[PDB]
Amino acid sequence: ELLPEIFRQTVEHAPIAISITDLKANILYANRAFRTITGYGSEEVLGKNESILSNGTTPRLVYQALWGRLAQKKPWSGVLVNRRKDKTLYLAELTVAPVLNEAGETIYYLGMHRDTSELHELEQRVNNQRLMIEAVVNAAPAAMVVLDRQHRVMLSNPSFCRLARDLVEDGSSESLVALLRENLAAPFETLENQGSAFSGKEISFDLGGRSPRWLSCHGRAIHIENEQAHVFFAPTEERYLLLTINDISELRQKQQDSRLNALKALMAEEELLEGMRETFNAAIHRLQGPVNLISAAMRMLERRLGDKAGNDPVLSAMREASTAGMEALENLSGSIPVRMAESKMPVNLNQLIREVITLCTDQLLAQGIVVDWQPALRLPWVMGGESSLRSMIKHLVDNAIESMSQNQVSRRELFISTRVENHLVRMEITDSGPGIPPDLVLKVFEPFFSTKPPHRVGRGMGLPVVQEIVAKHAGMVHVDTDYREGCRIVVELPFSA
Amino acid sequence: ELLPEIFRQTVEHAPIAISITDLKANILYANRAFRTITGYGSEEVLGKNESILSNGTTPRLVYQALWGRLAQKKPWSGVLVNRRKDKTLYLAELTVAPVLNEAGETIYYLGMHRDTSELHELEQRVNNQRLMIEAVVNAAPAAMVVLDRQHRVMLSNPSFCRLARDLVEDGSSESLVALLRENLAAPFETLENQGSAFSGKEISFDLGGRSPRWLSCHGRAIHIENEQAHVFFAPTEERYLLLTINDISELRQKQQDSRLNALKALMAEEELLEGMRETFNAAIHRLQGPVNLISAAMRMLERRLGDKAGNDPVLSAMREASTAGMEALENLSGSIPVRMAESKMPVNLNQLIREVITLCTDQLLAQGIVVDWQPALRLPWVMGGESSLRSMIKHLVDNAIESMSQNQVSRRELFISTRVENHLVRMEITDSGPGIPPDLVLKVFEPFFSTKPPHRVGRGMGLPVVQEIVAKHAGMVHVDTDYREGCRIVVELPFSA
Amino acid sequence: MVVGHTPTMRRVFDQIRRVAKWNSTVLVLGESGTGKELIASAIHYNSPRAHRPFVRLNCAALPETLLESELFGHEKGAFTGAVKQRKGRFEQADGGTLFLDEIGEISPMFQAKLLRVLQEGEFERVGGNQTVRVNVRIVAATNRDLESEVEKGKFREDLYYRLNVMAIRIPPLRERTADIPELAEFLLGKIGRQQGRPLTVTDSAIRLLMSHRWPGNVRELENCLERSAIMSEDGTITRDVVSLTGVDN
Ligand SMILES: Cc1cc2nc3c(=O)[nH]c(=O)nc-3n(C[C@H](O)[C@H](O)[C@H](O)COP(=O)(O)OP(=O)(O)OC[C@H]3O[C@@H](n4cnc5c(N)ncnc54)[C@H](O)[C@@H]3O)c2cc1C
Ligand SMILES: Cc1cc2nc3c(=O)[nH]c(=O)nc-3n(C[C@H](O)[C@H](O)[C@H](O)COP(=O)(O)OP(=O)(O)OC[C@H]3O[C@@H](n4cnc5c(N)ncnc54)[C@H](O)[C@@H]3O)c2cc1C
Ligand SMILES: Nc1ncnc2c1ncn2[C@@H]1O[C@H](COP(=O)(O)OP(=O)(O)O)[C@@H](O)[C@H]1O
Ligand SMILES: Nc1ncnc2c1ncn2[C@@H]1O[C@H](COP(=O)(O)OP(=O)(O)O)[C@@H](O)[C@H]1O
Ligand SMILES: Nc1ncnc2c1ncn2[C@@H]1O[C@H](COP(=O)(O)OP(=O)(O)O)[C@@H](O)[C@H]1O
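Residue numbers (UniProt numbering), protein chains in the order written: chain D, 21 to 517; chain W, 21 to 517; chain X, 210 to 458.
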């Protein structure tokens, strides 16, 4: 109904490249924008084939589809890459439709296209940014995973899969995520609800038979804005959840070893210190007896004989024997070590017993001995030398263990308990052995007496030593005679209130 | 430029929604595409206002620019969220131009838009996937930096910035990369040139006076595809670098302490058993003297008494004194610790002298003692029990420290040296203590000898244990008579050729 | 708990925890106030028998008939006053430490009996004939000059030799005056802390301690410092305050 010139002006004033071509695609008309977008002048456009805009990158299937549907008198729609006069390349969404005369015959072709360079620049930037997550994920040695609001695994790395393969039977990242959620608990829920990044939460897994794996857990909220076209003026954000899981297993356990090793090291000197004191306590003792008997004898033979005593060769005989010993007793006594005041420091008795048991656990399991340790929940710390109180534990436990090898031990068990009785730290080490014969319960405490032969490590000194350590604390150590299914040694030592 | 009728068919077959409207924007004509794009039928469109396409989501401000720019006969270009007949919304890059009559007066208006929804859904997805990079990195503990082909910091987390503040003076991420780049070397070069993932590259940094900080470094390649519109059908990839660094410093520092501590127990346990064995000889030798002299008294006393020997109270007790002496001598001899078979193995004393000083460093520094250790460059292995040979050095050091502690020493120096002589491994420990008087050089080795004042911990047993264990190793130990500035003890032990 | 640093103390102190460990008899030679009971007590607390009964017996305070009865035990009606059968000290303290104060006042006839027990660890009741082997420990002690008694025949020589086997001669405080400052401080510090006020002794009294022959050793020392503190209103034990305790110069 409108004037034909209006349609002529409609194409002319468009800001997009519009061209009218012949059946050979030779451009017969072009608007202002076609000159502007394509860079061709008004006079330069007439007569040139549209094939010039092709750069060869477009698949030939696109052009044949373009031309093929034109032969069918049907429009064809698709996206091309056109080249401007300055040879710059832009994505041109070209659709070509036939011009039908009043008789329905195709007389001319119509070429329109719009710049869509931004479209590709952003999907590839999307594709690049999609590659960014995939690549960065692959790098983390810490098992890291990104979780959506439904906690679906969007991307995982080999390490997380390796952790899934190492922590989960199936080896799938998704299965590994499920287990981690239960253990994380509060940091995960806080991250999910408030998006608060959590870092450095340690959790523990005791899977049995293998050293528990201790993991450093970190996480943050990862935010995606809305993409849909209708939210261009007001994008809205969603939230994923990042979980970063780092291996710190050997780190925390190795703290235990050194203190465990300094534990056995520091104590290890005392049994020598008591041993050297104890071993030498035998020297004068065995000497002090026979020697003094002689020391009297000179005063004996002297008094009755009186004047003739000085001429008695017998009177000189014991004198020489007594003097030689008396020299030893003085020299032996005079060079005895005087213990230095070992720094009296706060000692956690439960801490040590849990620890000494760790050192001696291997030889307990070697005999099949079940170690049932029940540290007191509240045990006061004793102001004393940690090394010395530490040493006496090994002496008592070891000898009881050797009873665990005897066939009277129907069930091989080591029982260690600590309790405060009579205002003293009562240490009871009960065992399931044949025990000590009632008549020898103390003769074993005699230095150098060992019911098992001294031909093994049985110097008859372990029981004397524990007393000396106990005695140095003004304590008392006894074997519970009521228990007969083994030997129960009771040590009572003062503690700092 | 062409026949007017072509332009009318040009608009009708135009792929985009083209409508010709009056001055009020009421559509007077609609093309095929307007039907296809907006969903409005040919007849439903004629006479209807363009407001049917308006949804109200687009800000009204642009519409004044739309209508306003038409007044001055200028094109207006902008993007609107148009509404289709089905009420679906899409991004419409609308341009409105005036229709002029042959006299230059505006007679009609032109409505013309293109679909740009795909453009926005990706740029937001760009911003969305961009925010994935920004967030995920922050909470990760391992220090990571995203590096371009020129090693410029593309991304860094607070820890990396903290690490820069910790590893580099300026605290900048870029400068941290410079420090990190130098140390990585080959794994970084392999990753950069070939994109090969490297994991677990551990590097040690020694701060000086502090525990060296060990960093576990891991790195993977990041891939970016080309974004320009001209590679829509064939994107090209480039490579960036991610380094991921985890701190493993604390573990290694604690690792040395355990071995140092665990070995402290070994020596202390060993010297106890060895210390036992030598005290036996002193006790047996010490006992043998008086006991035998007691013994001789009986027979010589018996001969004079004759028949009166039977009823002599003097003889009976001294008779027992030897009997007790015989029992005392037997008790000492038969109770010697039968060492569990000590595997006589090749032992390198140079390894042990390094240990003891590290083991004994604590006490040496307390007294301001300077320790000069001169290990032999090539020390042949000493055949013998590693347990026995390990206790050797501490015994000699214990000799120096105790006398070293005596206040008669104004200058406190300790010198240790080792060398091979006469097919034997000869070791010497020299200190600046009171020393051994020349007449006491040899009888300090008779067991238990000690001239140290009782105030100190003088066992008199160090050298004797050395003498004891040296005898076990078929060697010889003596103190150098020539040295008078202190004590120089010489230990000779044969080595496995 | 026990202080001393002279060479004589090296024997006595080291002998304490030495014989503490073993089952051997102990003769504690020393005059009054030397510490014989506490030497045995320090011996016991340092003995493995620290957890077992520690028996102190004064052989001079009991009649000979009761002395023989007490150590080995007696049957009912063995002597006047034996209303009930009593277990012997050897057996009541079997596995314990027996402190026998003033061991040198025993009669010659019993001395033969004690000899056999100390040799074999075997003994007979007073009136019983069952030989019992016992892991009994003994701690004898005597201030008497047994040498005069054996010289005079009132003490059997065979046992006296067996009794002076473990002779730990506690030296008089006269020969260890260097230990007096260290001996006094432990008591003075303990009583000063115990009373809640500093119980300090003046220098004039200290000079007396250095020059004192010490017939009573530390017992006379202890009886004075504790009484002196009482009438020292501030605890500052002055020599006049020292004098009020009755210690002869
Ligand atoms: C109105 C109109 C506008 C066009 N606008 C563009 C544009 O903006 N950008 C662009 O790249 N291309 C455009 N073309 C297509 C252009 O004409 C070429 O087909 C294209 O550029 C490929 O040229 P070539 O030399 O690389 O390949 P060619 O092999 O020359 O052609 C590619 C395919 O098109 C067929 N074809 C080419 N010319 C004809 C013809 N005259 N008749 C029948 N089939 C034919 C060929 O048989 C072959 O299948 C337009 C075509 C028309 C009719
Ligand atoms: C050819 C053409 C095509 C258009 N296509 C669209 C489209 O696809 N989608 C869309 O949302 N809008 C389109 N508009 C704009 C439309 O006319 C309205 O401005 C818009 O829909 C907002 O309407 P409203 O009722 O919310 O605001 P209103 O207040 O009704 O109008 C918005 C502003 O435009 C001015 N204005 C409105 N009509 C006229 C007029 N006839 N002459 C002068 N000024 C006027 C008003 O003064 C006001 O400042 C088009 C306009 C023209 C001329
Ligand atoms: N818990 C125990 N169970 C059984 N026997 C024990 C126990 N503790 C000690 N003994 C006995 O005590 C004797 C002496 O031990 P001890 O004097 O401690 O040093 P050693 O065990 O080195 O000989 C041993 O022969 C042993 O039979
Ligand atoms: N390294 C040494 N430094 C100083 N004096 C020593 C050293 N070694 C030995 N002596 C002297 O020799 C004596 C005997 O030493 P030894 O038999 O090793 O045991 P102890 O050193 O414990 O007495 C000591 O009394 C000491 O005076
Ligand atoms: N070596 C010592 N160190 C500290 N105090 C001592 C020492 N010897 C004795 N005493 C003190 O002497 C007091 C009495 O000792 P006691 O046992 O009566 O000696 P004795 O048996 O000679 O009478 C005790 O209270 C004790 O504290």
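Here a beta-carbon is modelled for each residue, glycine too, at the ideal position from N, C-alpha and C.
| message | At the level of alpha carbons, what is the spacing between W/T378 and W/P232? | response | For the purposes of this step, residue 378 of chain W is identified with residue 358 of the second sequence, where counting begins at 1. For the purposes of this step, residue 232 of chain W is identified with residue 212 of the second sequence, where counting begins at 1. Rounded to the nearest angstrom, the two C-alpha atoms are 18 angstroms apart.
| request: Return the residues of the stretch 472-487 of chain D that lie within a Cβ-Cβ distance of less than 7 angstroms from chain X, sorted by chain order. | output: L483, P484, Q487
| task | Find the residues of chain X that neighbour D/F465, judging by a C-beta separation of less than 7 angstroms, and give them in chain order. | result | As a first step, residue 465 of chain D must be located in the first sequence, where it is residue number 445. Within 7 angstroms Cβ-Cβ: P257.
| Do you know how far the Cα of D/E291 is from the Cα of D/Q371? | Position 351 of the first sequence, counting from 1, holds the residue named residue 371 of chain D. Position 271 of the first sequence, counting from 1, holds the residue named residue 291 of chain D. So the alpha carbons of these two residues sit roughly 20 angstroms apart.
| query | Is the beta carbon of W/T115 sitting closer than 8 angstroms to the one on W/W96? | reply | Within the second sequence, residue 115 of chain W is the residue found at index 95, counting from 1. Within the second sequence, residue 96 of chain W is the residue found at index 76, counting from 1. Contact: yes.
| request: Using a Cβ-Cβ cut-off of less than 7 angstroms, give me the residues of the stretch 269-283 of chain D that come near chain W, in sequence order. | output: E270, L271, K274, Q275, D277, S278, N281, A282
| query | Which residues bound the beta strand (DSSP E) around D/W393? | reply | For the purposes of this step, residue 393 of chain D is taken as the residue at position 373 of the first sequence. Element bounds for D/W393: 390-394.
| Does W/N266 have its Cβ less than 8 angstroms from a Cβ in chain D? | One-based indexing of the second sequence puts residue 266 of chain W at position 246. So, interface residue.
| field | Reduced DSSP category for W/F300 - H, G, I as helix; E, B as strand; rest coil | value | Counting from 1 along the second sequence, the entry for residue 300 of chain W is found at position 280. In the displayed model, W/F300 falls within a helix according to three-state DSSP.
| field | Per DSSP, cross-strand counterpart(s) of X/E331 | value | Residue 331 of chain X sits at position 122 when you count from the first residue of the third sequence. Note: X/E331 sits in a beta bridge opposite X/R342.
| CA-to-CA distance, X/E300 to X/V345, given in whole angstroms | If you number the third sequence from 1, residue 345 of chain X lands on position 136. If you number the third sequence from 1, residue 300 of chain X lands on position 91. Taking the straight line from one Cα to the other gives about 8 angstroms.
| message | Between D/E209, D/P207, D/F208, D/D226, which has its C-alpha nearest residue 519 of chain D's C-alpha? | response | Since the displayed chain D opens at 21 and closes at 517, residue 519 of chain D lies outside it and no answer follows.
| Of all Cβ atoms in chain D, is any one closer than 8 angstroms to the Cβ of W/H140? | One-based indexing of the second sequence puts residue 140 of chain W at position 120. For W/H140, the nearest beta carbon of chain D is closer than 8 angstroms to its own beta carbon.
| Which residue from W/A123, W/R103, W/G98 puts its Cα closest to that of W/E113? | Locating residue 113 of chain W in the second sequence gives position 93, counting from the first residue. The option with the nearest alpha carbon to W/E113 is W/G98.
| Can you list, in chain order, the residues of the stretch 360-373 of chain X whose Cβ is nearer than 7 angstroms to any Cβ on chain W? | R365, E366, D367, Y370, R371
| task | Within 10 angstroms of the Cβ of X/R383, are there 16 or more other Cβ atoms? Answer buried if so, exposed if not. | result | If you number the third sequence from 1, residue 383 of chain X lands on position 174. So X/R383 ends up on the exposed side.
| Which residues in chain X sit within 7 angstroms of D/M496, going by Cβ to Cβ distance? | As a working mapping, residue 496 of chain D is identified with position 476 in the first sequence. Going along chain X in sequence order, the residues near D/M496 (Cβ under 7 angstroms) are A259, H260.
| request: Following the continuous alpha helix (DSSP H) through D/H140, name the residue where it begins and the one where it ends. | output: Locating residue 140 of chain D in the first sequence gives position 120, where the first residue counts as 1. Start and end: 137-159.
| Looking at X/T243 and ligand 5, is the gap between the Cβ and the nearest heavy atom below 7 angstroms? | Looking up residue 243 of chain X in the third sequence gives position 34. Yes, Cβ of X/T243 sits closer than 7 angstroms to a heavy atom of ligand 5.
| query | Which value, in whole angstroms, describes the spacing of the CA atoms of W/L111 and D/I40? | reply | Residue mapping note: residue 111 of chain W aligns to position 91 of the second sequence, counting from 1. Residue mapping note: residue 40 of chain D aligns to position 20 of the first sequence, counting from 1. Approximately 27 angstroms, taken between the alpha carbons.
| query | Which residue from W/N75, W/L48, W/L73 puts its Cα closest to that of W/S62? | reply | Position 42 of the second sequence, counted from the first residue, corresponds to residue 62 of chain W. Here the closest residue by C-alpha is W/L48.
| Beta-carbon of X/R219 versus every beta-carbon of chain W: anything under 8 angstroms? | Here residue 219 of chain X corresponds to residue number 10 of the third sequence, with the count starting at 1. Closer than 8 angstroms to some Cβ of chain W, the Cβ of X/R219 qualifies, so yes.
| said: Please list, in chain order, the chain X residues whose beta carbon lies closer than 7 angstroms to that of W/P333. | reply: As a position in the second sequence, residue 333 of chain W is number 313, starting the count at 1. The answer, in chain order, is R365, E366, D367.
| query | Do you know offhand how far W/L416's Cα is from D/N419's? | reply | For the purposes of this step, residue 416 of chain W is taken as the residue at position 396 of the second sequence. For the purposes of this step, residue 419 of chain D is taken as the residue at position 399 of the first sequence. Those two C-alpha atoms are separated by around 31 angstroms.
| Inter-residue spacing [alpha-carbon to alpha-carbon] between X/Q403 and X/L392 | Against the third sequence, residue 403 of chain X aligns to sequence position 194. Against the third sequence, residue 392 of chain X aligns to sequence position 183. If you take the alpha carbons of X/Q403 and X/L392, they lie about 17 angstroms apart.
| query | Using 8 angstroms as the limit for Cβ to Cβ distance, is D/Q144 near chain W? | reply | As a first step, residue 144 of chain D must be located in the first sequence, where it is residue number 124. Interface residue, yes.
| 4-residue-minimum alpha helix (DSSP H) runs that sit fully inside the stretch 186-261 of chain W, ordered along the chain | 193-204, 206-214
| said: Taking DSSP's pairing of strands, which residues face D/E441 in a bridge? | reply: Locating residue 441 of chain D in the first sequence gives position 421, counting from the first residue. DSSP output for D/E441 lists D/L444 as bridge partner(s).
| request: With 8 angstroms as the threshold, decide whether the Cβ of residue 202 of chain X is near any Cβ in chain D. | output: With chain X covering 210 to 458 only, the question about residue 202 of chain X has no answer from this structure.
| message | So the candidates are W/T58, W/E441, W/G455; which of them puts its Cα closest to the Cα of W/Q428? | response | What you label residue 428 of chain W is simply residue 408 of the second sequence in a count that begins at 1. Measuring from the Cα of W/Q428, the nearest candidate turns out to be W/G455.
| message | Run the Cβ filter for me: residues under 7 angstroms from any heavy atom of ligand 2, listed in the order they occur in the chain. | response | For ligand 2, residues qualifying as neighbours are W/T41, W/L43, W/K44, W/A45, W/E70, W/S71, W/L73, W/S74, W/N75, W/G76, W/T78, W/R80, W/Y83, W/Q84, W/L86, W/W87, W/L90, W/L100, W/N102, W/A112, W/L114, W/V116, W/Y129, W/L130, W/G131, W/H133, where qualification means a beta carbon closer than 7 angstroms to at least one of its heavy atoms (chain order).
| task | Select from W/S516, W/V166, W/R398 the residue whose C-alpha is nearest the C-alpha of W/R259. | result | To locate residue 259 of chain W, count along the second sequence from 1; it is residue 239. Nearest Cα to W/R259 within the set W/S516, W/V166, W/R398: W/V166.
| field | Members of the stretch 63-76 of chain W near chain D, C-beta cut-off 8 angstroms | value | Look at the stretch 63-76 of chain W: it has no residue with a C-beta under 8 angstroms from a C-beta of chain D.
| query | Does the beta-carbon of W/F468 have 16 or more other beta-carbons within 10 angstroms, so that it is buried, or is it exposed? | reply | What you label residue 468 of chain W is simply residue 448 of the second sequence in a count that begins at 1. Burial state of W/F468 is buried, judged by a 10 Å Cβ sphere holding 16 or more other Cβ atoms.
| field | Candidates W/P333, W/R323, W/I356, of which the one nearest D/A317 by Cα | value | Numbered from its first residue, the first sequence carries residue 317 of chain D at position 297. D/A317 has its Cα closest to that of W/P333, out of W/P333, W/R323, W/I356.
| query | Quick one: what does DSSP say D/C380 is sitting in, helix, strand or coil? | reply | As a working note, residue 380 of chain D is residue 360 in the first sequence. Helix at D/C380.
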